[PDB]
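Below: the structure, in structure tokens.
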Amino acid sequence: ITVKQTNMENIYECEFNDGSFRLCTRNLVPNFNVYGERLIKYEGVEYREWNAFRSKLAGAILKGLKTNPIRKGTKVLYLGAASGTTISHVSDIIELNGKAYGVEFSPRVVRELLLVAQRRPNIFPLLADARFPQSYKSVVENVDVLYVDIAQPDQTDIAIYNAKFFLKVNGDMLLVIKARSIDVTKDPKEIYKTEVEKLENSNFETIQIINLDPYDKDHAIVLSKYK
Amino acid sequence: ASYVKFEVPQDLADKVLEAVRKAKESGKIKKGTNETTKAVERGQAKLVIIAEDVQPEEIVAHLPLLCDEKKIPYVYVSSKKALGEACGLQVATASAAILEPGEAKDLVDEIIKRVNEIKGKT
Amino acid sequence: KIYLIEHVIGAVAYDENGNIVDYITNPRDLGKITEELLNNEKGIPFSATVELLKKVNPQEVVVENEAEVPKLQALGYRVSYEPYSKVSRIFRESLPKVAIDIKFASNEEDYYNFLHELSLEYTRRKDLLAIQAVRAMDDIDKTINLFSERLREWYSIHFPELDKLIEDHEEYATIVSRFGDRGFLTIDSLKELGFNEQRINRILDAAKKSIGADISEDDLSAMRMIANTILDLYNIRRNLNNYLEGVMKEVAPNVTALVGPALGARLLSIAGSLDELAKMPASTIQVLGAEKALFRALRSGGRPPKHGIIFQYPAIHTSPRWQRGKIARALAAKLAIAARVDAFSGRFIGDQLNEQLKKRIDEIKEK
Amino acid sequence: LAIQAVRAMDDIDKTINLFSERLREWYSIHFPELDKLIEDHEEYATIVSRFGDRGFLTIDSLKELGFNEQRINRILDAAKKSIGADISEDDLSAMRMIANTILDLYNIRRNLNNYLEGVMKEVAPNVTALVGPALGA
């Protein structure tokens with residue numbers, strides 16, 4: 001075993017007893033895991049193993065995401081927080097300084113998000129519909145990163161709408177494009193092109209476009225900058 | 001019904017029932033909700049077939065959730081009597097699973113890709 | 001023209017430039033802020049906003065939300081709304097900071113501590129207890145039995161014949177509790193428990209001719225401490241059963257219909273949750289508990305258990321050994337269905353489930 | 001009697017621990033932060049027994065059992081910023097039944113020790129001189 005820093009703040013890799021390499025984050029709440037993930041101690045510091053198959057952000061990293069705009073003390077608005085798998089990892093990355101506002105409109109699921117956000121001062125859960133930022137306007141601030149993973153046909157439009165509400169100028173947006181929930185009939189690759197055009201036809205400046213394959217089928221993630 | 005996530009056109013529904021029958025003959029299938037459940041839990045199934053006329057809906061409602069966790073694709077057919085009678089039974093079945101396609105490999109791979117398209121993807 | 005802001009922080013007025021013309025800070029009170037946010041959803045302005053629109057006397061005001069407009073027109077002002085306005089952004093750009101400036105919190109440290117707990121409480125507003133209670137019930141059960149076995153062994157130094165004369169632990173305990181010395185037993189005090197004429201006499205004669213030990217009052221009260229604890233625990237148990245029944249009918253009515261509150265809860269406790277119970281095949285639900293038995297069979301290919309915690313179902317443990325397997329299989333089957341209608345929202349169908357089950361049982365028994 | 005007494009004492013010891021373990025797991029649904037803050041089982045139980053809800057907690061009522069200045073503040077702050085669940089009075093009193101049982105057992109234990117000491121000195125004084133009443137018994 002060995003753990004060491006990567007190009008990106010508070011994100012680390014492990015050399016393993018066998019010789020595999022897995023991503024991990026520095027555990028903000030030591031002894032405690034959110035999904036079933038492995039806890040690893042090295043030189044008396046505890047890391048949480050970041051499974052790429054579950055977290056699209058880890059997936060994006062392993063698919064060579066240039067620069068990660070989520071770091072120490074970053075303010076992120078996180079649309080589609082779901083059960084808290086990925087958002088827990090951005091909690092770790094961001095540390096007590098930065099803040100993460102987790103928007104999620106499915107109660108059956110915010111149920112389990114609560115448990116994550118109780119243990120974590122970083123995370124401000126919100127049972128609200130991301131199509132109406134008016135209904136959480138009164139709790140959030142402006143932000144550096146708009147991380148958007150929402151299952152919706154008009155997911156791109158929703159994201160833009162939130163952006164002009166809460167995204168700082170020169171802030172970054174990580175937008176997960178879910179082809180099969182925008183249209184199961186269309187070709188995933190046509191969809192990626194047309195949704196990126198929406199961002200450009202607003203004024204987002206496409207920085208990097210990644211295809212999340214192995215890890216996520218018919219998905220892509222866009223990193224771009226709001227102007 | 002509310003446990004039905006997406007829409008299956010009848011051409012597909014028929015190609016599903018066909019895929020199953022060839023799988024009884026040449027491969028290995030599992031028939032019944034409890035046996036389908038175990039097949040997902042154990043990660044043996046390549047395709048899960050669920051009926052749209054189950055009569056307390058909730059009997060199979062857990063399969064979509066279970067299938068997504070283990071990332072096994074699922075499909076619907078309209079009649080439970082039709083799926084069971086496909087299965088080599090003379091009684092109904094609420095859900096079934098294909099574990100080994102056999103001489104339905106090509107037939108199954110087209111199905112697991114059509115349900116991808118009418119789901120989003122690319 | 002005044003641009004008006006509503007936030008957890010309070011109500012702020014801004015000019016078109018983005019300068020705070022005037023503000024009214026909210027009280028740092030979870031209860032009241034939560035309610036006003038919930039109220040703001042329907043269009044209802046903050047009470048800090050009402051006060052602010054009085055201090056400043058603006059002719060044309062513009063708000064964030066379109067639902068507020070008609071409410072503030074009814075209050076006397078000419079009003080419009082701008083969605084993602086430059087001002088609403090200007091406000092939020094400085095939102096880490098202006099919490100301190102308008103003295104909503106002394107520092108950043110506990111603006112966020114508060115905001116965190118507001119968000120926690122605000123979403124909270126928009127089965128685990130069933131599990132804990134039944135677990136505590138199984139602890140109490142276990143303790144009652146341990147203490148009662150201890151007490152009988154203990155109190156039998158003084159009055160050994162009473163042990164085989166009182167089958168029931170609660171009754172035994174009541175005797176050691178109420179009387180003390182064996183020579184303090186009396187007829188009417190015993191008639192009061194429910195003891196029939198004949199038994200009272202057998203107990204009293206047993207105490208008279210007793211070959212037990214003559215013992216101090218210090219010694220007896222020592223034993224009596226355990227007796228009173230036993231009795232306490234029996235009340236706590238019955239209290240916990242009723243509490244449990246209430247929660248179990250609320251959280252899992254279909255399952256409760258089938259196996260009762262306790263055994264339903266017990267099944268929740270082994271599964272971990274209701275949603276986990278629902279995801280189980282019947283062949284699992286049938287053997288929950290009995291894991292030592294199961295994995296022994298799975299490792300060696302021997303005979304598996306017929307039933308796990310399900311054994312407790314009256315129909316099973318009373319039935320002959322060859323019927324048990326089938327009754328278990330049938331119960332587990334229905335339980336899985338019960339769990340799924342319970343978990344995935346479905347309203348009570350436990351009656352037909354019971355009827356279906358009792359039919360299957362009646363058939364099994366006619367062989 | 002010396003033997004029986006210590007055997008019951010050992011049962012009580014065992015039970016205190018079982019219930020306290022349960023109580024903490026149970027009561028932590030409502031007020032999770034209190035578990036790592038109070039080491040002592042008897043103290044923990046006293047708090048749930050006297051209060052239930054965490055919004056019933058007061059500098060006054062907590063001083064009235066001898067918790068020190070600094071600790072009372074950490075408890076109350078933890079109760080204020082608690083990520084616990086909001087829960088009915090029916091739910092809390094269920095828990096409080098256990099808390100009171102735990103408190104009852106502690107008293108019964110202390111009574112049994114004194115009784116045991118009495119008999120043990122009488123029946124085997126030299127042994128008791130060496131290892132104490134309990135271990136002697």
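Convention: chains lettered A, B, ... in structure tokens order; per-chain residue numbering from 1; ligands numbered from 1 as shown.
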
Just want the 10 Å neighbourhood of residue B:73, counted on only C-alpha atoms, with same-chain residues fewer than 4 positions away dropped. Output as a PyMOL selection string.
chain B and resi 45-49+64+67-68+111-113+115-116

Please identify all residues of chain D having at least one atom at most 7 Å from any atom of chain C, considering only C-alpha atoms, and return them as a PyMOL selection string.
chain D and resi 4+8+15+22+26+81+83+94+97+108+112

Which is closest to chain A among D:11, D:33, D:21, D:39, if we use only C-alpha atoms?
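Smallest distance to chain A is found for D:33.
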
At a cut-off of 6 Å, which residues of chain B touch chain A? Count only C-alpha atoms and give the answer as a list in words.
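So the residues of chain B near chain A are residues 117, 118, 119, 120, 121 and 122 of chain B.
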
Skipping near chain neighbours, those fewer than 2 positions away, what residues fall within 12 Å of residue B:55 using only C-alpha atoms, listed as a PyMOL selection string?
(chain B and resi 1+3+51-53+57-61+79-80+92-94) or (chain C and resi 337+341+349)

Residues of chain A within 12 Å of chain D, using only C-alpha atoms, as a PyMOL selection string?
chain A and resi 111+113-121+123-125

For each of B:21, B:81, B:70, B:105, take the minimum atom-to-atom distance to residue B:37, counting only C-alpha atoms, then give the residue where this is smallest.
B:70

Among stretch 6-95 of chain B, which ones does DSSP place in strand (DSSP E or B), written as a PyMOL selection string?
chain B and resi 28-31+47-51+74-77+95

Generate a file of the selected residues that holds N, CA and C atoms, formatted as a PDB file, in the first residue's frame.
ATOM      1  N   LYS B  28     -30.024 -21.161 -20.826  1.00  0.00           N
ATOM      2  CA  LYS B  28     -30.575 -21.317 -19.489  1.00  0.00           C
ATOM      3  C   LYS B  28     -31.385 -20.084 -19.119  1.00  0.00           C
ATOM      4  N   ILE B  29     -32.644 -20.290 -18.749  1.00  0.00           N
ATOM      5  CA  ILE B  29     -33.476 -19.191 -18.254  1.00  0.00           C
ATOM      6  C   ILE B  29     -33.940 -19.421 -16.818  1.00  0.00           C
ATOM      7  N   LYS B  30     -34.443 -18.364 -16.186  1.00  0.00           N
ATOM      8  CA  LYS B  30     -35.059 -18.463 -14.865  1.00  0.00           C
ATOM      9  C   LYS B  30     -36.464 -17.899 -14.956  1.00  0.00           C
ATOM     10  N   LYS B  31     -37.420 -18.600 -14.349  1.00  0.00           N
ATOM     11  CA  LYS B  31     -38.833 -18.239 -14.469  1.00  0.00           C
ATOM     12  C   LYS B  31     -39.507 -18.081 -13.115  1.00  0.00           C
ATOM     13  N   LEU B  47     -30.465 -10.408 -19.212  1.00  0.00           N
ATOM     14  CA  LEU B  47     -31.680  -9.665 -19.519  1.00  0.00           C
ATOM     15  C   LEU B  47     -32.818 -10.108 -18.606  1.00  0.00           C
ATOM     16  N   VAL B  48     -33.539  -9.128 -18.080  1.00  0.00           N
ATOM     17  CA  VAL B  48     -34.663  -9.374 -17.193  1.00  0.00           C
ATOM     18  C   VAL B  48     -35.953  -8.929 -17.889  1.00  0.00           C
ATOM     19  N   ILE B  49     -36.933  -9.823 -17.922  1.00  0.00           N
ATOM     20  CA  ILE B  49     -38.208  -9.538 -18.558  1.00  0.00           C
ATOM     21  C   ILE B  49     -39.300  -9.409 -17.499  1.00  0.00           C
ATOM     22  N   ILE B  50     -40.014  -8.290 -17.525  1.00  0.00           N
ATOM     23  CA  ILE B  50     -41.081  -8.033 -16.567  1.00  0.00           C
ATOM     24  C   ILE B  50     -42.415  -7.825 -17.301  1.00  0.00           C
ATOM     25  N   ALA B  51     -43.494  -8.387 -16.756  1.00  0.00           N
ATOM     26  CA  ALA B  51     -44.834  -8.219 -17.332  1.00  0.00           C
ATOM     27  C   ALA B  51     -45.516  -6.926 -16.851  1.00  0.00           C
ATOM     28  N   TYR B  74     -33.353  -4.525 -18.237  1.00  0.00           N
ATOM     29  CA  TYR B  74     -34.682  -5.116 -18.156  1.00  0.00           C
ATOM     30  C   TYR B  74     -35.627  -4.580 -19.239  1.00  0.00           C
ATOM     31  N   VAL B  75     -36.658  -5.375 -19.532  1.00  0.00           N
ATOM     32  CA  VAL B  75     -37.619  -5.113 -20.609  1.00  0.00           C
ATOM     33  C   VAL B  75     -39.012  -5.542 -20.162  1.00  0.00           C
ATOM     34  N   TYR B  76     -40.031  -4.944 -20.768  1.00  0.00           N
ATOM     35  CA  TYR B  76     -41.417  -5.291 -20.478  1.00  0.00           C
ATOM     36  C   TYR B  76     -42.122  -6.051 -21.611  1.00  0.00           C
ATOM     37  N   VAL B  77     -43.076  -6.892 -21.230  1.00  0.00           N
ATOM     38  CA  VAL B  77     -44.034  -7.472 -22.168  1.00  0.00           C
ATOM     39  C   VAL B  77     -45.431  -7.177 -21.620  1.00  0.00           C
ATOM     40  N   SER B  95     -42.494 -12.266 -14.014  1.00  0.00           N
ATOM     41  CA  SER B  95     -41.179 -11.860 -14.497  1.00  0.00           C
ATOM     42  C   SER B  95     -40.284 -13.073 -14.764  1.00  0.00           C
TER      43      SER B  95
END

So which residues touch stretch 44-47 of chain C within 12 Å, counting only C-alpha atoms, skipping near sequence neighbours fewer than 3 positions away, as a ChimeraX atom specification?
/A:138 /C:4-12,24-27,32-41,50-54,63-75

Set the distance at 7 Å and use only C-alpha atoms: which residues neighbour residue D:98 once local chain neighbours fewer than 3 positions away are removed? I'd like the list as a ChimeraX atom specification.
/D:19,23,95,101-102
